[PDB]
Amino acid sequence: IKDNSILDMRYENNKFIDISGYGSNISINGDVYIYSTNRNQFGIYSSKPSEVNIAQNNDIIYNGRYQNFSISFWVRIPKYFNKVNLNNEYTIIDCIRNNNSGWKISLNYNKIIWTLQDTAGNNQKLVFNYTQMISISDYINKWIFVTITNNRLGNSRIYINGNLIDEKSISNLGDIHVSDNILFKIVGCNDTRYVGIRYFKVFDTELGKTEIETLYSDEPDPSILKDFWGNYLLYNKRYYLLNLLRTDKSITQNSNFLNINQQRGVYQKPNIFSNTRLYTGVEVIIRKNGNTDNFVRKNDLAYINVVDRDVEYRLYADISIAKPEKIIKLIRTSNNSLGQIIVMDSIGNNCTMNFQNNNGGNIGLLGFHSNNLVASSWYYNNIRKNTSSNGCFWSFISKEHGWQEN
Ligand SMILES: CC(=O)N[C@@H]1[C@@H](O[C@@H]2O[C@H](CO)[C@H](O)[C@H](O[C@]3(C(=O)O)C[C@H](O)[C@@H](NC(C)=O)[C@H]([C@H](O)[C@H](O)CO)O3)[C@H]2O)[C@@H](O)[C@@H](CO)O[C@H]1O
């Protein structure tokens, strides 16, 4: 609960502010990127002046040895692509006093690291391990929710996306005097890099499982759908399509049809990364039908078109087919609904698209049947419960700096 928060970083009126009430002063030095669609998201750089500093309220600088506390925030880490990234630990969030007591969040190739140390020098480390040798990653260049909880007379725990990952006793810990400041700055990184950070908070209690799941599900506006990277999905923006069941397949334009039988392919660099190609297949765009923003929200009505060199083709469910699988056809488009619309929605972070006629009657969920995309009513009564592996689940991939390919 917000009642136990002693530091709440938000962006407002072109600067960061602490809305917890303790009033810590937050200053931005150098070049700090602020995301346009969600100002609470910022990026810091490793090779040039760039940092966000929080001069903690004196009454918050924990010098105790019994005080319980927790921290949470989301971090966005670009794909590592150089050998210099392999064994190069660097801190991104620092609250260490005179190179000794305190806590800090650092990173390294395939790692997110938490360190907690006392005045004597004793410390404890928690680490989340992930990989770059994987077809599709839930971590690389995507917002990752991190949560550290500490019970002085118990354990220190690190959570990732709401789940418990590592846990160790901090009983060997005595007096812990944190730094007066909480510095967001990439320090010790031997490469030219940056990291994204959002919704950083500190609590004076040991957050429980249920309070962590709440922070995970609420912080970012839950009514707005998300793209592949975890950012807000937008109208009038090009995206590549990824089917969550057949993640190895590319969605291609055949004639006036859409195939999903071709391989996306693999992009790799020996001993650094190996992943299926994301930027392949047709580029689509989401268009509004007949407000103050371009955010695609749950239940919104919209049109989906393939963007082919300045020509847009509306995705049309061929309702002239009696079978439940109505192949998707491409029809050159501007306001003609063609007798149908698409209901945008999602189960978790999994996007769904439901083709319906004008009277609100269901035609079918976008999916595939043989080797083609189709709108099928079969999905309504055939969705696997807790798994993204459903032919009617999709992700929209925007080509961005944090993930480069051929
Ligand atoms: C083929 C068959 O006899 N089944 C008919 C149904 O076919 C399914 O139709 C839906 C769309 O309406 C999908 O195209 C489905 O494809 C998958 C799927 O579940 O998405 C592709 C999966 O990759 C595949 N999994 C594996 C491991 O191979 C599954 C799987 O074969 C089935 O779930 C097992 O039954 O299928 C099509 O299989 C559909 O046409 C209905 C209604 O007309 O009639 C069935 O007879």
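For reference, positions follow the sequence shown, starting with 1. Indexing begins at 1, ligand by ligand and atom by atom, following the structure's order.
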J.: Decide yes or no for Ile77 and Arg193: does some side-chain heavy atom of the first lie under 4.5 Å from some side-chain heavy atom of the second?
T.: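 A side-chain contact exists here, since the closest heavy-atom pair is under 4.5 Å.
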J.: Between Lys111 and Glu89, does at least one N-O distance fall below 4.0 Å, as a salt bridge requires?
T.: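 No.
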J.: So that I can tick it off, tell me whether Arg76 and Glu400 are bridged by a salt bridge, with the cut-off set at under 4.0 angstrom between side-chain N and carboxylate O.
T.: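 Counted as a salt bridge, because a side-chain N and a carboxylate O are separated by less than 4.0 Å.
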J.: Considering only the protein, which heavy-atom contact is closest to atom 40 (O) of ligand 1, and what is its distance?
T.: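 It is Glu325 OE2, 2.7 Å.
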J.: I need the nearest protein heavy-atom contact for atom 36 (O) of ligand 1: residue, atom name and distance, please.
T.: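 In this structure, atom 36 (O) of ligand 1 has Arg384 NH2, 4.9 Å as its nearest protein heavy atom.
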J.: Ring centres under 6.0 Å, that's the criterion: do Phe73 and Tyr199 meet it?
T.: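 No, ring centres 6.0 Å or more apart.
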J.: For atom 7 (O) of ligand 1, find the nearest protein heavy atom and state the residue, atom name and distance (0.1 Å precision).
T.: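 For atom 7 (O) of ligand 1, the nearest protein heavy atom comes out as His369 CE1, 3.5 Å.
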J.: Among all protein non-hydrogen atoms, which one is nearest to atom 14 (O) of ligand 1, and what is the separation to 0.1 Å?
T.: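 Protein heavy atom at minimum distance: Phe368 O, 2.6 Å.
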J.: Identify the protein heavy atom lying closest to atom 41 (C) of ligand 1, giving its residue, its atom name and the separation to 0.1 Å.
T.: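 It is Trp378 CD1, 3.7 Å.
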J.: Please report which non-hydrogen protein atom sits nearest to atom 22 (C) of ligand 1, along with the residue it belongs to and the distance in Å to one decimal place.
T.: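 Looking only at protein heavy atoms, the one closest to atom 22 (C) of ligand 1 is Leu245 CD1, 3.9 Å.
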J.: Tell me, please, whether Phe228 has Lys142 positioned over its six-membered ring: NZ or CZ under 6.0 Å from the ring centre and within 45 degrees of its axis?
T.: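 Here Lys142 passes the 6.0 Å and 45° test against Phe228.
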J.: Between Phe273 and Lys79, is there a cation-pi geometry (under 6.0 Å to ring centre, at most 45° from the normal)?
T.: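 So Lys79 does make the cation-pi contact.
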J.: Of all the non-hydrogen atoms in the protein, which one sits nearest to atom 43 (O) of ligand 1, and at what distance?
T.: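 The answer is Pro324 CG, 3.1 Å.
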